[PDB]
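Accompanying notes for the structure given below.
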Amino acid sequence: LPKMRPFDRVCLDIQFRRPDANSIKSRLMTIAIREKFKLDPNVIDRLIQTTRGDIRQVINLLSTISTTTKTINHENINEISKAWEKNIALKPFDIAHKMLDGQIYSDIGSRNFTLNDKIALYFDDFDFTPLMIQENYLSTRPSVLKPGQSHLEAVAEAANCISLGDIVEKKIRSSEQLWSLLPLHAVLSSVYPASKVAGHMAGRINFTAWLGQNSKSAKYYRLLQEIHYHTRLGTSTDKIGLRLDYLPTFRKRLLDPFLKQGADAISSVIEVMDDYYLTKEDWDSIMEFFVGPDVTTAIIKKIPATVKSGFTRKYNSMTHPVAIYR
Amino acid sequence: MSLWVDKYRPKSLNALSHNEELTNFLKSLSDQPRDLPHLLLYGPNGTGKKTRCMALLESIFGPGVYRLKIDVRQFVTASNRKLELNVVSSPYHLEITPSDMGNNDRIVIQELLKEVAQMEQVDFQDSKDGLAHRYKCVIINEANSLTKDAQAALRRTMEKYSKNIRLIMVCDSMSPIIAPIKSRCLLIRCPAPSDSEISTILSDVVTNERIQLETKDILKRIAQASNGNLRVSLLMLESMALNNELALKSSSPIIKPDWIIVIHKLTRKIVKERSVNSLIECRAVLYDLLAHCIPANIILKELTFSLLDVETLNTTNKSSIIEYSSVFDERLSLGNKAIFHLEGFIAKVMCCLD
Amino acid sequence: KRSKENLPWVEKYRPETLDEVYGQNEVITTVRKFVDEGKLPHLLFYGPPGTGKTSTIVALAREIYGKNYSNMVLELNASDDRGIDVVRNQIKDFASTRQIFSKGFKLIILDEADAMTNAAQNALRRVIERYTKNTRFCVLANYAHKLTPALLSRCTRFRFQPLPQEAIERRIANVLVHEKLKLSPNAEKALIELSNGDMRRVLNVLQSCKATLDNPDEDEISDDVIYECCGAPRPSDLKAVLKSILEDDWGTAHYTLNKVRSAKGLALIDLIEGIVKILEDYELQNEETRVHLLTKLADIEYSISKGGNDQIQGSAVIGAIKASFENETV
Amino acid sequence: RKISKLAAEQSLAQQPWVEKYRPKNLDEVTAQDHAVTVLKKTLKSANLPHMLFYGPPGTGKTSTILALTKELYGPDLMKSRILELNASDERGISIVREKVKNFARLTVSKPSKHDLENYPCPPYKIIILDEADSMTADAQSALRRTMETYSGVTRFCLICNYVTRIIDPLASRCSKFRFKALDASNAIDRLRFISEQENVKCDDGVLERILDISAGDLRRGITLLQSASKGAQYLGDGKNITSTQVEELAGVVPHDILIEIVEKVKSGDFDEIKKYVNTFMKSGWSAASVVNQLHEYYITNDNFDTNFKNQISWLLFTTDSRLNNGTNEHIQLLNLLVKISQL
Amino acid sequence: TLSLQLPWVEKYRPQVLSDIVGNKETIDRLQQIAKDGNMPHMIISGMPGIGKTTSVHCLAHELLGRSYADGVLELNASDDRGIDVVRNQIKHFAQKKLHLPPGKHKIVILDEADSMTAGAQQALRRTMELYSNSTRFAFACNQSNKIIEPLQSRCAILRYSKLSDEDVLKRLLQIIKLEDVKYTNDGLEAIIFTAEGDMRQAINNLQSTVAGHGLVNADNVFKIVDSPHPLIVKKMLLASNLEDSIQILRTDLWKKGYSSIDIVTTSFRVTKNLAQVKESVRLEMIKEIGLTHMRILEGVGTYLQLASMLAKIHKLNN
DNA sequence: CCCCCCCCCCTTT
DNA sequence: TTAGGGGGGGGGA
DNA sequence: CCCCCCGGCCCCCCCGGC
DNA sequence: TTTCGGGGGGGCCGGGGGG
Ligand SMILES: Nc1ncnc2c1ncn2[C@@H]1O[C@H](COP(=O)(O)OP(=O)(O)OP(O)(O)=S)[C@@H](O)[C@H]1O
Ligand SMILES: Nc1ncnc2c1ncn2[C@@H]1O[C@H](COP(=O)(O)OP(=O)(O)OP(O)(O)=S)[C@@H](O)[C@H]1O
Ligand SMILES: Nc1ncnc2c1ncn2[C@@H]1O[C@H](COP(=O)(O)OP(=O)(O)OP(O)(O)=S)[C@@H](O)[C@H]1O
Ligand SMILES: Nc1nc2c(ncn2[C@@H]2O[C@H](COP(=O)(O)OP(=O)(O)O)[C@@H](O)[C@H]2O)c(=O)[nH]1
Ligand SMILES: [Mg+2]
Ligand SMILES: [Mg+2]
Ligand SMILES: [Mg+2]
């Protein structure tokens with residue numbers, strides 16, 4: 001859980017796993033003989049399956065059932081298991097695995113696992129289920145393809161439904177707080193596209209990559225805003241225009257000189273920075289924005305260390321202006 | 001030093017170099033500025049809208065409008081969050097970009113702007129008429145990025161406090177501006193400069209910078225490649241000059257930005273491969289683009305027009321592509337997560353082509 | 001607050017006794033029988049706006065307790081705090097304590113209970129159950145889906161219907177007698193038609209009509225007065241527009257629509273609603289015609305709800321009607 | 001330093017024409033008599049109902065309510081008898097339950113002898129909720145019983161552009177007043193009065209063209225007239241204002257450009273249409289204006305059959321609806337033109 | 001009139017475990033537990049009005065007897081049940097000394113436990129574990145999923161099924177004999193049909209019908225109890241001709257005063273539960289219904305929108 | 001003893 | 001029908 | 001004159017469908 | 001992630017009362 005993050009690597013972690021039927025069978029048989037009720041060993045594996053490895057729950061079940069039924073055998077195991085089944089909410093990986101299984105979308109499967117059950121499965125975690133589905137709906141081998149329908153066409157239909165679900169989600173989290181739309185979202189974001197591409201997972205199930213990408217975009221936008229308001233006094237544009245238009249020319253007038261004149265260009269670069277109130281951190285951030293062929297990481301690492309050291313020394317050996325006086 | 005796009009930016013109405021009719025209209029507006037209504041300047045990006053706004057302010061108040069200072073204002077949400085807004089100010093005007101706080105832009109309109117609106121002018125700012133100015137000008141950049149709530153908040157503030165402030169909004173498109181706000185403003189169309197005007201401006205920059213040119217056709221090529229974006233044209237001229245040792249030849253290639261090259265590569269990949277795995281790699285490319293501050297609407301427009309320029313596609317494919325682009329642009333307007341809609345558009349295009 | 005004549009008609013004519021509530025005869029008879037024999041259960045009045053729910057419950061409280069019912073009942077509505085804390089303290093204390101004035105039972109009126117939080121509704125369950133020996137609850141609502149199943153399980157449900165023609169006619173006659181007004185039969189029919197079963201609309205429109213007359217003591221309210229005050233289309237205008245759409249060419253239909261709207265500045269939405277009402281009665285040979293009509297007109301209404309270009313919307317209405325009715329031939 | 005305070009008349013004189021010529025009394029409201037007469041009768045009947053003004057932009061709702069409050073109370077008593085809240089204020093459910101309710105339950109401010117002698121002074125106060133369509137449904141629901149319970153000392157006036165945003169109970173409680181769109185026929189008198197007051201010289205039909213272009217918004221028409229007057233004054237020639245100048249100031253596409261677009265569409269070549277539209281967008285024309293002009297051209301053209309008009313009407317409606325959502329003008333316009341070309 | 005007749009749901013509330021109908025096996029288990037004591041921690045779950053609170057109270061009374069006033073602590077959603085309450089009042093009750101017969105324990109009855117906060121539930125764990133030698137806990141709820149898994153581990157699960165028409169008829173006949181109510185078979189059939197397995201609802205409707213009309217027949221029952229609108233909505237959605245569906249919508253729902261939001265929500269629920277239609281068709285229907293629901297929430301709640309929704313559903317079904 | 005069977009549990013803000 | 005891969009632990013040639 | 005009890009804001013975290 | 005609103009739980013602050 002997120003709340004456990006502070007305990008990352010401070011304590012010796014010891015994991016206790018669900019004990020199997022064999023490790024406990026003697027205990028339950030001893031309890032049965034002491035308590036004077038008949039228990040068939042062949043059903044113990046079932047009983048644990050009912051309790052999901054909860055020994056305390058197993059003992060409670062035995063105590064409650066023995067009050068009226070003194071013999072536990074195959075003639076009554078099914079009803080006891082169904083009545084005492086532990087219904088725990090699934091986790092995002094399990095939710096994704098279940099929702100994308102084709103069997104539940106067949107006539108018999110849909111009759112056994114109903115649409116209401118699928119909506120409830122979504123509601124096990126309504127925040128993460130749509131992200132899981134959008135992450136893993138292209139990684140399946142479908143078994144629900146309609147005649148004459150390619151995998152690509154079903155993927156396109158699912159993507160359209162996911163876009164509609166995103167619109168509904170925006171509606172829910174607006175100022176009107178239309179939480180009553182949550183069930184509809186469940187259908188549009190998760191159930192419908194899954195029914196369109198349900199089948200067998202082709203590879204491993206992956207956790208949603210949208211959250212990390214969103215955080216990275218937020219960080220880059222913050223850096224871009226800082227750069228923009230450092231250079232506001234000199235430029236005429238918005239931050240988007242700064243990213244799309246100014247930044248390549250700033251790359252040519254800030255990074256290229258080091259790769260051509262070595263240390264002799266340091267002054268010029270600093271001059272440009274002083275003309276736009278840019279700092280060393282702004283320089284690095286600017287170099288961090290470029291994509292595609294203009295990636296700078298390898299180029300920057302290839303620069304001689306002496307040139308960078310001299311650049312830092314020269315920048316620290318002078319006085320610089322301030323665009324924003326706090 | 002200072003980039004040529006900034007060093008040679010005009011600082012007065014008489015220094016403007018294109019769209020003479022618009023210059024005359026602005027001069028007519030500045031002739032009797034006391035009863036100036038609220039203004040809304042709309043037109044293609046990078047044409048000179050902000051330059052003309054600053055020139056109009058200079059004509060009204062004087063050169064002091066260019067003495068800009070940056071300050072930071074503090075705001076508190078209902079959840080106790082602390083937000084900071086950068087305000088550019090001069091002795092005569094204020095400038096704000098409320099979209100900087102996203103959904104909290106409304107607060108800026110409801111607290112800061114109103115506070116400015118409820119203040120009368122007592123400083124003796126003597127004007128050409130002989131009397132002191134009675135209102136301060138507030139510029140709202142990217143006015144079309146405001147949420148509907150902030151626009152609604154602007155409405156009565158514009159009318160009640162007209163004697164104290166005058167608003168100048170600047171946008172690249174009026175589609176996202178609500179009807180009441182457009183009704184409350186004087187709309188000014190700012191057309192892009194022609195190719196010849198761009199060539200003249202670039203030639204003046206070249207002569208003032210002592211750059212060798214094999215001919216005047218390179219400037220025309222840059223103007224055509226800019227598609228009417230003067231800022232882009234000037235930046236591209238500077239980039240080419242830097243890349244060719246301050247000497248441009250007739251064979252000097254036109255430079256393109258990183259994101260444009262990436263989007264063109266994505267278009268080629270989409271055209272050549274139409275498969276689910278291709279869609280996965282396209283998702284990776286889209287994530288890379290979005291992460292580095294490329295707006296989703298820009299990506300959609302660029303990809304659509306790149307696809308429409310592919311010579312191997314037929315009329316039916318292009319019609320389907322433009323229809324899907326329309327639908328998914330609407331989806332982007334009403335959605336939260338842009339990647340969902342971009343992926344949907346790419347999947348539909350792949351289906352239509354295949 | 002200088003006199004009752006200073007009140008709006010919607011409040012000046014609020015029923016004070018169960019005999020002044022019209023159009024809900026079954027509910028009134030049943031509740032009166034309940035009170036007469038001392039068999040009042042927990043009540044749930046469900047119905048659309050302006051049908052008489054609040055009026056009926058207030059009149060019932062007055063009948064049970066008399067003129068001083070206000071100090072003998074606990075009335076809470078959407079303008080008051082009704083969180084779980086209020087349920088835990090104020091409602092619980094009122095339900096568990098004797099009356100200050102008399103020895104009778106206690107009445108709690110939760111008006112607009114559909115605006116109450118789920119937690120408060122859940123907390124109400126055991127309060128209702130435990131103190132049923134001496135306390136009764138009444139819940140009023142327009143939207144039943146906001147009420148928890150547990151609360152509905154504990155209440156006897158009465159549905160308030162949209163007001164029938166006869167009840168509106170009788171109340172209009174009473175108001176005309178009180179106000180010394182004259183009303184034409186056609187104007188009365190138009191008023192009933194625009195009422196849609198809501199008495200508040202009838203009263204407001206009648207007050208506006210009286211304000212419109214130059215000499216209300218001698219001038220009679222004609223259908224023209226109603227259409228002028230409400231700014232609504234006449235049936236003849238709707239018939240002409242529909243006939244032009246279904247019979248003439250595009251130029252004539254466009255001209256007729258624009259002329260009809262400009263004559264009195266009618267709203268396009270009112271024309272759309274009137275034409276929809278007319279078309280519901282039309283017998284169509286093909287179901288596809290009805291499908292297209294309904295879908296396209298619903299889309300147009302939704303678009304209008306957000307504004308947009310009025311002329312384009314009118315042309316869209318014309319085109320949708322023509323295209324839909326082209327399906328009646330083959 | 002400090003500046004001597006300006007007089008109200010002098011201040012209003014140097015205000016924008018829309019604010020300068022805002023109606024000061026109910027007699028100055030131009031073409032809303034069907035409601036203004038009912039409101040005026042309240043000066044004597046003193047039984048003002050709860051009001052729901054609804055209509056398109058710039059039709060006179062706010063002006064009407066302000067003039068009504070002035071006429072009812074007077075410049076001395078208005079402030080004490082009015083509580084105004086608009087979209088620039090906080091109007092959450094808590095605000096409705098506490099501040100609005102507290103003001104509604106207060107005893108009315110005491111009129112002075114002069115106020116009683118010179119104004120009707122009805123025995124109630126007024127709460128104005130301007131831009132009420134921005135309020136949430138729960139906050140609106142919090143007003144229901146407050147309106148009815150304190151109606152003896154308080155009356156509510158809700159003003160909106162989209163009446164569907166008002167929940168059904170509130171619309172039921174309020175008497176509805178629909179403000180009609182202001183066009184040439186019903187607003188030319190007021191526009192001509194303003195032009196004469198400002199000594200604006202224009203060709204015959206210029207005011208009618210301005211009101212046609214405004215499309216039901218008198219505020220827009222007055223602003224356009226002021227801009228044209230400024231242009232004429234700066235030119236300093238004495239020539240009358242022409243319709244061409246008004247159209248250029250209003251962002252209307254010239255007819256020749258529209259004909260070029262029509263010919264390109266008639267050609268049907270996708271690449272040529274795309275190239276022409278790319279060149280066209282550089283002029284900065286508003287897509288909504290282009291769509292409106294195309295609708296006008298095609299619908300009233302006698303050279304197109306019924307089926308073509310039936311299809312193009314739906315195409316134009318769809319494009320306009322999409323544009324209303326804040327979409328990219330270039331993409332929407334290109335899609336519309338391509339779709340028309342294939343009809 | 002200032003007098004009240006005690007409701008029959010309270011007058012004939014079962015006082016012993018033998019008077020509760022339905023869920024026979026669980027009731028016998030409770031009877032045996034009450035016989036021999038040794039009551040464990042238990043969680044009783046089920047739908048409204050089936051006898052969960054009645055079962056718990058009867059068990060507690062039969063177990064404790066004269067010591068009921070001292071050995072029972074009852075808390076429900078109408079009482080304060082925060083973490084502070086769990087840590088102080090419940091803990092003091094569990095620690096308290098009370099002499100009880102050799103096979104009896106103190107009982108804490110947490111009715112409507114699904115509304116309890118997660119913090120209080122967490123605090124209850126070790127209190128249950130440490131004081132189990134003298135105190136036992138009985139939870140009653142409608143949704144057992146709201147009870148955290150650690151608490152479910154320590155308790156015995158008792159899921160109450162819905163009452164069959166036969167048990168409801170038996171209880172209604174008992175009450176009728178006790179009250180000498182005059183009825184007809186059709187009246188009882190209508191009462192059971194409208195009750196939908198809710199004994200409280202059935203008894204309330206019976207009493208209301210008797211009070212308002214005397215004779216419990218079909219006509220009086222339907223006059224007092226309205227036909228559930230979900231069935232009308234199902235008939236509307238299952239109609240073959242668009243005209244029939246529109247007629248049902250206009251005459252049975254819109255003219256009766258049912259709100260558009262209620263109609264659309266009920267349509268969504270019924271479509272979700274329509275096991276007779278193929279799941280994919282149900283998904284398309286739900287998409288259309290959700291479009292209409294979003295439009296209605298936006299403020300455009302009109303008969304035209306619902307008619308358009310029905311037209312789209314019929315177009316899908318054809 | 002390493003190998004295998006068999007299962008459970010982690011991928012995850 | 002078992003998503004891939006790692007950990008645990010009883011059985012055993 | 002100083003210390004302690006206990007009511008009230010104030011802040012911060014967490015659901016939100018059936 | 002997060003755009004209102006409700007609910008809960010814990011931390012200080014300060015009035016009043018007592019010694
Ligand atoms: N049955 C009725 N008989 C007479 N007048 C009625 C009737 N129903 C409504 N009215 C009139 O409309 C006004 C409001 O009636 P209410 O009883 O408040 O309606 P309502 O059902 O409570 O409205 P909601 O549910 O709060 S929107 C009354 O003061 C009456 O003047
Ligand atoms: N009926 C009218 N009569 C005279 N002037 C009008 C009229 N309507 C609008 N105007 C003019 O336009 C200006 C604005 O009028 P408003 O009353 O603010 O319109 P509005 O309907 O309240 O606009 P919205 O709904 O806030 S966009 C007025 O000051 C007048 O100068
Ligand atoms: N099995 C039953 N046998 C006899 N009467 C019942 C039975 N179930 C409910 N009732 C009657 O309905 C009344 C209410 O029963 P309850 O035990 O309160 O139902 P409940 O399940 O606890 O309701 P919830 O879950 O709090 S909404 C009882 O007093 C009985 O009169
Ligand atoms: N020489 C000259 N340059 C101009 C003119 N107008 C704009 N520019 C240049 O174009 C650049 C971009 O102008 P800008 O106002 O920021 O674009 P916009 O606000 O997005 O429309 C400016 O930095 C100027 O250098 C002009 O009239 N003359
Ligand atoms: Mg009411
Ligand atoms: Mg207004
Ligand atoms: Mg219960």
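Order of the sequence lines fixes the chain letters, A, B, ..., with proteins taken first and strands second; residue numbering starts at 1 for each chain.
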*Mind checking what makes side chain to side chain donor-acceptor pair (under 3.5 Å) contact with A:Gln225, not counting sequence neighbours?*
A:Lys239
*Go ahead and write out DNA chain F as dot-bracket, 5' to 3': ( ) for pairs within the strand, [ ] for ones crossing earlier pairs, | when the partner sits on another strand, dots for unpaired; Watson-Crick or G-U wobble, both distances under 3.5 Å.*
......|||||..
_B:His341: partners by side chain to side chain donor-acceptor pair (under 3.5 Å), with sequence neighbours left out_ = A:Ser163, A:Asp166
_Within residues 80-91 of chain C, residues whose heavy atoms come under 4.0 Å of DNA chain I_ = C:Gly83, C:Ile84, C:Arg88
*Hey, where on DNA chain I does chain B first and last touch, going 5' to 3'? Cut-off is any atom under 4.0 Å from a heavy atom.*
I:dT1 to I:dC4
*Mind checking side chain to side chain donor-acceptor pair (under 3.5 Å) for D:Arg144 and listing every partner two or more places apart, or none if nothing turns up?*
C:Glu112, C:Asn142
*Counterpart residues, salt bridge (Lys or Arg N to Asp or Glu O under 4.0 Å), relative to A:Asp45 (two or more places apart)*: none
*A:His200 side chain N/O closer than 4.0 Å to the phosphate oxygens (OP1, OP2) of G:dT1?*
no
*asked:* Among residues 179-187 of chain A, which ones have heavy-atom contacts with DNA chain H below 4.0 Å?
replied: A:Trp179, A:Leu182, A:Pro183
*Relative to A:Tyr221, does A:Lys216 satisfy both conditions: NZ or CZ under 6.0 angstrom from the six-membered ring centre, and within 45 degrees of the ring's axis?*
no
_Test of understanding: with side-chain contact (heavy atoms from CB on, under 4.5 Å), list the residues that count as partners of E:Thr271, not counting sequence neighbours._
E:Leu237, E:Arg282, E:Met285, E:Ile286, E:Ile289
*Output all residues satisfying side chain to side chain donor-acceptor pair (under 3.5 Å) with C:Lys92, sequence neighbours left out; order by chain, then residue number.*
E:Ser78, E:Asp79
*Once the angle between the rings of A:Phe207 and A:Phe93 is folded into 0 to 90°, is it parallel (under 30°), tilted (30 to 60°) or perpendicular (over 60°)?*
parallel
Return the polar atom pairs (N/O with N/O) between nucleotides 9-13 of chain F and the protein under 3.5 Å, or none.
unit_1, atom_1, unit_2, atom_2, d
F:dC9, OP1, A:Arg18, N, 3.1
F:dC9, OP1, A:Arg18, NH1, 3.1
F:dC9, OP2, A:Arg18, NH1, 3.2
F:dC9, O3', A:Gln15, NE2, 3.2

*Can you list every side chain to side chain donor-acceptor pair (under 3.5 Å) pair that touches residues 132-143 of chain D, not counting sequence neighbours?*
none
